[PDB]
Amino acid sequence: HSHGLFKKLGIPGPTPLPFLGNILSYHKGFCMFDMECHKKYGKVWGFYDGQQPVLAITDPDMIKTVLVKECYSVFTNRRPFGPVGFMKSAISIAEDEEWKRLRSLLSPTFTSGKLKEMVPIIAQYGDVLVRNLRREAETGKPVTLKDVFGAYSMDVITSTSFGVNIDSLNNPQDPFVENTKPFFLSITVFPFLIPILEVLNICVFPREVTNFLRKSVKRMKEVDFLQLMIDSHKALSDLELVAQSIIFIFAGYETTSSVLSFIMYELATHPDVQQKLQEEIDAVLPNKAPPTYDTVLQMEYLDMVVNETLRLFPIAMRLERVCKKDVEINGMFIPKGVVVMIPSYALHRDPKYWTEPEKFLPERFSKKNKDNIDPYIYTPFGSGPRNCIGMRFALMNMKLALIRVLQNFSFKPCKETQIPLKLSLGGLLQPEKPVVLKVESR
């Protein structure tokens, strides 16, 4: 019974119920729970996800020690999440030296150099998105953004991760990679059923599939994510490689469409920001000019708009590292086995570092005010050696969509637009009611 651990350490927090710990406080959601705890417990508190003790920290230096200084020595891994099956070779799930090999093998694929060779490939789908937007524009009636953006996020993945060009919004039959579409609550209070479903062949990812991917990869041994990984420690195995693109499809999909929905909701409800961004868009790219890699990395107000939306909506919500051994960081003692948690959502909306945190103010990241931001309070992609490996790709993918989207259309709220936006009560950080807006052709 480790429920007395934090009170044995003099660490405040909510009192854990036997078995459950503090998981019943998730009736408000992961984000609201961390906000309340950050408000009433101070810089550090502890809670129990079932029997698993979790230590939350909000100190920048302590976060720097966890994410960067003592990454390879102590805080190398995240905690296990469920029956992983063969997906234990995924870079986000691999641990210790086995992860170190994967990160070193996959680092070249996400260079700024490889990113520029992909800009024309995904700008092609920045055109396809407008093609499906002009449809729901002269039709003159609101649009569910997660459909067109979800189609866009699906089109870019497939062609960048496999070279398979599709119009996912206009070819819904061909299910090339439909491989994506009350468990994890139980699996947490009951982490002992994780290895049960392992031997049971029960995978959290639909396991009867993959078989289509490895056998369709048999088509690739004999510019995209696949071809960049084949060229390559020892080389990437057949299966090991397959696991990465699956983690790439999961990572590239739900993230792109949800954030793009968050950005467009902010832009529509802040037409001044939308107009100022559209002017910078029109200025840098005169006369609906095609966006390029070097142009995207010049639109300063676009970068500020993206970074501020990710501050309000860090879709990962939390950062977690497992304490591999009894250590003593920045003045306090962390026992082995404790999950160290960094509440990115709570920190991003902390008045100790942000003025009017609920306000969408892109000028926070201006070249005047950007230098005053602590790189460990603002962690939408994490930090350290185990940060978001596809950060530059994700930002470039979303910016290339927003430019072509705003080069042609302006967006306004509707009677159906959920104002204010309510965040999802589940665990992914999406809009409760999906975002619907009016799309006017310029």
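Here the rigid core means the biggest group of C-alpha atoms that line up within 1.5 Å when the two forms are laid on top of each other. Sequential numbering from 1, following the sequence displayed.
Fitting each structure in 9 other deposited structures of this protein onto the rigid core and averaging C-alpha distances over structures and residues, 80-88 emerges as the more displaced of 80-88 and 291-299.
Comparing 197-205 with 312-320 in 9 other deposited structures of this protein, after superposition on the rigid core, the stretch with the greater RMS C-alpha deviation is 197-205. In all of the other compared structures of this protein with flanking residues present, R364 is modelled, so it falls below the one-third mark for missing coordinates. In the comparison with other entries of the same protein, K100 is given coordinates in all of those covering both sides of it, so it never reaches the one-third threshold.
According to the entry, the deposited sequence places 4 to 9 unmodelled residues between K181 and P182.
In this entry, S232 and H233 are separated by 4 to 9 residues of the deposited sequence that lack coordinates. For the pair 368-376 and 207-215, the mean B factor over Cα atoms is greater in 207-215. Between the stretches 77-85 and 196-204, it is 196-204 that shows the larger average CA temperature factor. In this entry, the residue among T144, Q278, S237, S344 with the greatest C-alpha B factor is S237. When the C-alpha B factors of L285, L302, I334, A316 are read from the deposited coordinates, the top value falls at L285. In the deposited entry, the Cα temperature factor of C414 places it in the highest third of its chain's modelled residues. Among the modelled residues of the chain, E266 sits in the lowest third by CA temperature factor in this PDB entry. In the deposited entry, the Cα temperature factor of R321 places it in the lowest third of its chain's modelled residues. Among the modelled residues of the chain, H348 sits in the lowest third by CA temperature factor in this PDB entry.
When the modelled residues of the chain are ordered by C-alpha B-factor, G21 sits in the lowest third.
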